[PDB]
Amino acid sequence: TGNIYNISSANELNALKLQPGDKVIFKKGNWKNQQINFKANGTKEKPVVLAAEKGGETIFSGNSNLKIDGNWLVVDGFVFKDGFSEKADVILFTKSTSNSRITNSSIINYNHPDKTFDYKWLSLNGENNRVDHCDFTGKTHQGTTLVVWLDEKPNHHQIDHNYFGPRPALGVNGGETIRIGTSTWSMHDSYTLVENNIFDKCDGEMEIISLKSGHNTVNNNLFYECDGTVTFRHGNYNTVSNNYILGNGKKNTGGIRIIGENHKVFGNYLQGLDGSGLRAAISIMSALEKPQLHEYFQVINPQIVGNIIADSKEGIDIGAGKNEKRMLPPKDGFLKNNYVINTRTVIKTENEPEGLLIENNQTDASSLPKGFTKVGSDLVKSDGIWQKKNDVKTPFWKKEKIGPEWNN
């Protein structure tokens, strides 16, 4: 069996010599200026846990920060609120951290008094780390809420079942909810999985999720009333699939913006969107001829299949963002088996693509565009979401606990 240590201070944690299987229980209460360094090494069989006595009842206020530094560690039930970080990211997974996890935890309005002061709320480094059943809400200052920092090897991190709540408009770039990589690391493989999360009113900037590395999967998430887009910003071989981007008619709600090579966009429900051009439900950007990593790379071989676009201002925009510098149009790939209904502009072409196969796309538009057919394959509407009658399913957020287990 394992030892159980009952503590109420970072100083007591620092004095423990933790072994695989140990559990450190942080007592219920409101503790200020806590500098928590969870530095220990567990094993697959015997993880080292740092848990709140009662989930959501151990609150870290003032200038509190958490560092997870080791292998097979688990942090569970903590809340950061009524404070801010003076410098470091609120929660950090070190580069030497692997197979570690933070669960049932929250960061709420943990804002620096200075809006221009940059820190992230959660930073992922190392490999096979997991962020699940957490709540990150109300960031008003500079910096992406949750970042995956890329390194020379893929991370294979998992970000699942979290609630990312309202994030107000930052007014400048760096207000993303999730950023996976940077331009410098954009040609590296990341393999991050972003699954079954809720992004509710994440309005920090243009990008809600900014992908800037390769082989990432954004699957089965809900983006509800988000003033922004899911952007394939830099990198190749990314997948954005089975997500519900429900704008609910909200001003400037955008869809999936495609930049770069070999990307797959499939099975998404892109409805109630108010965006156009770069904010269309499916936006396939124009690009530069000889770009630097931080610029725009030509869309090559996009595979856009089975997406249901409905009740939106603009369905697909091919060549969006075209100008004097960005003259390269999308090329290769296919735009097929999609459905575009009750949409003011079904398909706009700002830059004619090359070899992009457009076929079997059902629409209710009076003037059928090139590559589109008439709606006949039953499109039903269960839970305010226009779905295919035989593919009707209960959306993951109606039957799964998203955010901390102790919270409702």
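Sequential numbering from 1, following the sequence displayed.
Relative to its counterpart among 370-378 and 343-351, 370-378 has the higher mean temperature factor, C-alpha atoms as listed in the PDB entry.
The PDB entry records a higher mean C-alpha B factor for 326-334 than for its counterpart among 125-133 and 326-334. Compared with the other modelled residues of the chain, the Cα B-factor recorded for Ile259 ranks in the middle third. In the PDB entry, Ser64 places in the lowest third of its chain by CA B-factor.
Ranked by C-alpha B-factor against the other modelled residues of its chain, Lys139 falls in the lowest third. In the PDB entry, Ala310 places in the highest third of its chain by CA B-factor.
For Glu289, the recorded CA B-factor ranks within the highest third of the chain. Only modelled residues enter the ranking.
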